[PDB]
Amino acid sequence: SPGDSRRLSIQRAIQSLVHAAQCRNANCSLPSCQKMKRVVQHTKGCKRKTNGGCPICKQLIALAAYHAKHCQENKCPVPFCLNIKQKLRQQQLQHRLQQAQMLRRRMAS
Ligand SMILES: [Zn+2]
Ligand SMILES: [Zn+2]
Ligand SMILES: [Zn+2]
């Protein structure tokens, strides 16, 4: 199916990013490693990242989002993973504040 196929592909890709983000063997021989490593090296070096429309970083922040939802790794070296977790904490802070606001409106004036 086209559904199972996309999912497979995304999960193979995230698995390869997780590998390549921490791989320190120039002697590594996983076929995907070399290309993913480069994309990861590039992000370390790219200052503008997505705010500046860099097309590589724009693609791996979308990949990291698929990854970060599940990631439990505290010092995760996948590019943008920490950012996506920050963004999620902040959505929750804001949600709590919406809940406070609801109670406050009820008592207001
Ligand atoms: Zn490797
Ligand atoms: Zn970039
Ligand atoms: Zn992560």
# chains A, B, ... in the order shown; residues from 1 in each chain; ligands from 1
>>> residues_near_ligand(ligand="ligand 1", cutoff="9 Å", atoms="only C-alpha atoms and all ligand atoms", output="PyMOL selection string")
chain A and resi 16+19-34+36-37
>>> residues_near_ligand(ligand="ligand 3", cutoff="10 Å", atoms="only C-alpha atoms and all ligand atoms", output="PDB file with N, CA, C and O atoms, in the first residue's frame")
ATOM      1  N   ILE A  14      14.515   8.134   9.647  1.00  0.00           N
ATOM      2  CA  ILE A  14      14.774   8.579  11.004  1.00  0.00           C
ATOM      3  C   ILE A  14      15.832   7.652  11.649  1.00  0.00           C
ATOM      4  O   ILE A  14      16.719   8.097  12.385  1.00  0.00           O
ATOM      5  N   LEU A  17      19.151   8.852  10.447  1.00  0.00           N
ATOM      6  CA  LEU A  17      19.515  10.179  10.969  1.00  0.00           C
ATOM      7  C   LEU A  17      20.017   9.953  12.366  1.00  0.00           C
ATOM      8  O   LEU A  17      21.016  10.578  12.798  1.00  0.00           O
ATOM      9  N   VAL A  18      19.307   9.104  13.131  1.00  0.00           N
ATOM     10  CA  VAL A  18      19.746   8.916  14.525  1.00  0.00           C
ATOM     11  C   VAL A  18      21.165   8.326  14.512  1.00  0.00           C
ATOM     12  O   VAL A  18      21.989   8.725  15.289  1.00  0.00           O
ATOM     13  N   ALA A  21      23.805  11.037  13.104  1.00  0.00           N
ATOM     14  CA  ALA A  21      24.030  12.165  14.011  1.00  0.00           C
ATOM     15  C   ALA A  21      25.087  11.842  15.084  1.00  0.00           C
ATOM     16  O   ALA A  21      25.596  12.708  15.740  1.00  0.00           O
ATOM     17  N   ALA A  64      13.153  15.701  11.589  1.00  0.00           N
ATOM     18  CA  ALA A  64      13.364  15.630  13.020  1.00  0.00           C
ATOM     19  C   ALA A  64      12.026  15.633  13.780  1.00  0.00           C
ATOM     20  O   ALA A  64      11.871  14.926  14.776  1.00  0.00           O
ATOM     21  N   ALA A  65      11.051  16.386  13.267  1.00  0.00           N
ATOM     22  CA  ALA A  65       9.718  16.414  13.861  1.00  0.00           C
ATOM     23  C   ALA A  65       9.117  15.052  13.897  1.00  0.00           C
ATOM     24  O   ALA A  65       8.460  14.719  14.863  1.00  0.00           O
ATOM     25  N   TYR A  66       9.281  14.257  12.844  1.00  0.00           N
ATOM     26  CA  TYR A  66       8.810  12.847  12.929  1.00  0.00           C
ATOM     27  C   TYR A  66       9.559  12.060  14.000  1.00  0.00           C
ATOM     28  O   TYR A  66       9.056  11.057  14.526  1.00  0.00           O
ATOM     29  N   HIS A  67      10.759  12.521  14.333  1.00  0.00           N
ATOM     30  CA  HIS A  67      11.618  11.736  15.211  1.00  0.00           C
ATOM     31  C   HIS A  67      11.392  12.152  16.635  1.00  0.00           C
ATOM     32  O   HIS A  67      11.510  11.344  17.532  1.00  0.00           O
ATOM     33  N   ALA A  68      11.124  13.447  16.826  1.00  0.00           N
ATOM     34  CA  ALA A  68      11.263  14.074  18.145  1.00  0.00           C
ATOM     35  C   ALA A  68      10.030  13.727  18.956  1.00  0.00           C
ATOM     36  O   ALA A  68      10.058  13.708  20.170  1.00  0.00           O
ATOM     37  N   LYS A  69       8.945  13.448  18.255  1.00  0.00           N
ATOM     38  CA  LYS A  69       7.726  13.098  18.922  1.00  0.00           C
ATOM     39  C   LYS A  69       8.046  11.929  19.832  1.00  0.00           C
ATOM     40  O   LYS A  69       7.592  11.890  20.969  1.00  0.00           O
ATOM     41  N   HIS A  70       8.878  10.996  19.368  1.00  0.00           N
ATOM     42  CA  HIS A  70       9.149   9.782  20.166  1.00  0.00           C
ATOM     43  C   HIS A  70      10.429   9.811  21.009  1.00  0.00           C
ATOM     44  O   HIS A  70      10.584   9.054  21.966  1.00  0.00           O
ATOM     45  N   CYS A  71      11.320  10.722  20.675  1.00  0.00           N
ATOM     46  CA  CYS A  71      12.637  10.739  21.258  1.00  0.00           C
ATOM     47  C   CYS A  71      12.669  10.957  22.770  1.00  0.00           C
ATOM     48  O   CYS A  71      12.120  11.902  23.258  1.00  0.00           O
ATOM     49  N   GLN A  72      13.377  10.110  23.493  1.00  0.00           N
ATOM     50  CA  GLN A  72      13.455  10.253  24.944  1.00  0.00           C
ATOM     51  C   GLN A  72      14.884  10.619  25.353  1.00  0.00           C
ATOM     52  O   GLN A  72      15.278  10.481  26.507  1.00  0.00           O
ATOM     53  N   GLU A  73      15.676  10.988  24.384  1.00  0.00           N
ATOM     54  CA  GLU A  73      17.086  11.119  24.631  1.00  0.00           C
ATOM     55  C   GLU A  73      17.329  12.544  25.068  1.00  0.00           C
ATOM     56  O   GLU A  73      17.073  13.528  24.326  1.00  0.00           O
ATOM     57  N   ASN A  74      17.873  12.689  26.244  1.00  0.00           N
ATOM     58  CA  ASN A  74      18.004  14.028  26.754  1.00  0.00           C
ATOM     59  C   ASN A  74      19.029  14.883  26.085  1.00  0.00           C
ATOM     60  O   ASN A  74      18.796  16.052  25.849  1.00  0.00           O
ATOM     61  N   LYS A  75      20.159  14.324  25.728  1.00  0.00           N
ATOM     62  CA  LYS A  75      21.125  15.201  25.074  1.00  0.00           C
ATOM     63  C   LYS A  75      21.238  14.880  23.573  1.00  0.00           C
ATOM     64  O   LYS A  75      22.342  14.776  23.018  1.00  0.00           O
ATOM     65  N   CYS A  76      20.081  14.775  22.925  1.00  0.00           N
ATOM     66  CA  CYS A  76      19.971  14.209  21.574  1.00  0.00           C
ATOM     67  C   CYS A  76      20.719  14.966  20.547  1.00  0.00           C
ATOM     68  O   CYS A  76      20.473  16.115  20.429  1.00  0.00           O
ATOM     69  N   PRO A  77      21.615  14.344  19.768  1.00  0.00           N
ATOM     70  CA  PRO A  77      22.390  15.218  18.798  1.00  0.00           C
ATOM     71  C   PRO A  77      21.769  15.333  17.399  1.00  0.00           C
ATOM     72  O   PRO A  77      22.408  15.823  16.445  1.00  0.00           O
ATOM     73  N   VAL A  78      20.542  14.855  17.242  1.00  0.00           N
ATOM     74  CA  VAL A  78      19.863  15.023  15.973  1.00  0.00           C
ATOM     75  C   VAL A  78      19.553  16.501  15.834  1.00  0.00           C
ATOM     76  O   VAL A  78      19.022  17.142  16.745  1.00  0.00           O
ATOM     77  N   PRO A  79      19.929  17.082  14.718  1.00  0.00           N
ATOM     78  CA  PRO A  79      19.674  18.510  14.539  1.00  0.00           C
ATOM     79  C   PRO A  79      18.191  18.861  14.660  1.00  0.00           C
ATOM     80  O   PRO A  79      17.312  18.094  14.200  1.00  0.00           O
ATOM     81  N   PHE A  80      17.916  19.977  15.348  1.00  0.00           N
ATOM     82  CA  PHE A  80      16.518  20.458  15.568  1.00  0.00           C
ATOM     83  C   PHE A  80      15.703  19.654  16.512  1.00  0.00           C
ATOM     84  O   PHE A  80      14.555  20.059  16.833  1.00  0.00           O
ATOM     85  N   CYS A  81      16.200  18.493  16.946  1.00  0.00           N
ATOM     86  CA  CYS A  81      15.355  17.692  17.916  1.00  0.00           C
ATOM     87  C   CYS A  81      15.042  18.459  19.182  1.00  0.00           C
ATOM     88  O   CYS A  81      13.860  18.495  19.681  1.00  0.00           O
ATOM     89  N   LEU A  82      16.081  19.036  19.795  1.00  0.00           N
ATOM     90  CA  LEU A  82      15.838  19.828  21.025  1.00  0.00           C
ATOM     91  C   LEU A  82      14.863  20.960  20.669  1.00  0.00           C
ATOM     92  O   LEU A  82      13.862  21.175  21.355  1.00  0.00           O
ATOM     93  N   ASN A  83      15.116  21.679  19.574  1.00  0.00           N
ATOM     94  CA  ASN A  83      14.165  22.710  19.230  1.00  0.00           C
ATOM     95  C   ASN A  83      12.754  22.220  19.176  1.00  0.00           C
ATOM     96  O   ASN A  83      11.861  22.890  19.718  1.00  0.00           O
ATOM     97  N   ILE A  84      12.511  21.081  18.519  1.00  0.00           N
ATOM     98  CA  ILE A  84      11.113  20.637  18.401  1.00  0.00           C
ATOM     99  C   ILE A  84      10.518  20.265  19.782  1.00  0.00           C
ATOM    100  O   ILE A  84       9.300  20.345  20.031  1.00  0.00           O
ATOM    101  N   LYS A  85      11.373  19.868  20.698  1.00  0.00           N
ATOM    102  CA  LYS A  85      10.868  19.497  22.031  1.00  0.00           C
ATOM    103  C   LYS A  85      10.594  20.793  22.778  1.00  0.00           C
ATOM    104  O   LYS A  85       9.520  20.932  23.423  1.00  0.00           O
TER     105      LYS A  85
END
>>> closest_residue(among="A:57, A:63, A:88, A:103", to="ligand 2", atoms="only C-alpha atoms and all ligand atoms")
A:57
>>> residues_near_ligand(ligand="ligand 2", cutoff="7 Å", atoms="only C-alpha atoms and all ligand atoms", output="number ranges by chain")
A: 42-43, 46, 48-50, 54-57
>>> write_last_selection(atoms="N, CA and C atoms", output="JSON list (two decimals), in the first residue's frame")
[["chain", "number", "residue", "atom", "x", "y", "z"],
["A", 42, "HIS", "N", 26.41, 19.66, 7.55],
["A", 42, "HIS", "CA", 25.97, 20.92, 6.98],
["A", 42, "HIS", "C", 25.20, 21.76, 7.99],
["A", 43, "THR", "N", 24.32, 21.14, 8.75],
["A", 43, "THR", "CA", 23.51, 21.90, 9.71],
["A", 43, "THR", "C", 24.34, 22.51, 10.80],
["A", 46, "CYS", "N", 25.59, 25.75, 9.20],
["A", 46, "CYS", "CA", 24.63, 26.68, 8.56],
["A", 46, "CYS", "C", 23.97, 27.62, 9.60],
["A", 48, "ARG", "N", 21.86, 30.39, 8.96],
["A", 48, "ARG", "CA", 20.50, 30.82, 8.58],
["A", 48, "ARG", "C", 19.44, 29.71, 8.76],
["A", 49, "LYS", "N", 19.84, 28.46, 8.60],
["A", 49, "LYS", "CA", 18.90, 27.34, 8.79],
["A", 49, "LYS", "C", 17.56, 27.70, 8.15],
["A", 50, "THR", "N", 16.42, 27.46, 8.79],
["A", 50, "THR", "CA", 15.17, 27.58, 8.05],
["A", 50, "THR", "C", 14.71, 29.04, 7.94],
["A", 54, "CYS", "N", 17.16, 27.99, 3.93],
["A", 54, "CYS", "CA", 18.05, 26.92, 3.52],
["A", 54, "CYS", "C", 17.27, 25.65, 3.25],
["A", 55, "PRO", "N", 17.43, 25.04, 2.08],
["A", 55, "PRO", "CA", 16.52, 23.94, 1.71],
["A", 55, "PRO", "C", 16.91, 22.63, 2.35],
["A", 56, "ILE", "N", 18.17, 22.47, 2.72],
["A", 56, "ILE", "CA", 18.51, 21.27, 3.43],
["A", 56, "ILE", "C", 17.92, 21.32, 4.84],
["A", 57, "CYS", "N", 18.17, 22.40, 5.57],
["A", 57, "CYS", "CA", 17.66, 22.45, 6.95],
["A", 57, "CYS", "C", 16.15, 22.42, 6.90]]
>>> atom_distance(atom1="atom CA of residue 39 of chain A", atom2="atom CA of residue 4 of chain A")
25.9 Å
>>> atom_distance(atom1="atom CA of residue 38 of chain A", atom2="atom CA of residue 60 of chain A")
11.9 Å
>>> atom_distance(atom1="atom CA of residue 58 of chain A", atom2="atom CA of residue 95 of chain A")
26.7 Å
